[PDB]
């Protein structure tokens, strides 16, 4: 697996506006929310030691909190349908956070595309 696999999905030019940290089944996690210029929203969580994407927890937490601080538009890479506990999904999201990138415009960001072919 790779952040840049040809899959859903990515949102570009988002400002990270909300941040949550919790624990579930002995695993710390965090979630972010961001809006695009046009008002469109994306949420994604990263959980320590959980899923394929568990290895990225610390790096993503650090980078997410950095970008939440600067408030610069970034690209959120995510994978839908990873989290399955229904209370969790309802309150938050099923989307795993799978990478992050700075952006030069609202559509053009540094790094791979993550789109279904």
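Positions refer to the first chain, counted from 1.
- Notably, residue 39 is an intermittent gap: at least a third of the other compared entries of this protein, restricted to those modelling both its neighbours, have no coordinates for it.
- Comparing 54-62 with 39-47, the higher mean C-alpha B-factor in the PDB entry belongs to 39-47.
- Mean CA B-factor, 104-112 versus 91-99: the higher value falls on 104-112.
- Placement of the Cα temperature factor of residue 85 within the chain: highest third of the modelled residues, per the deposited record.
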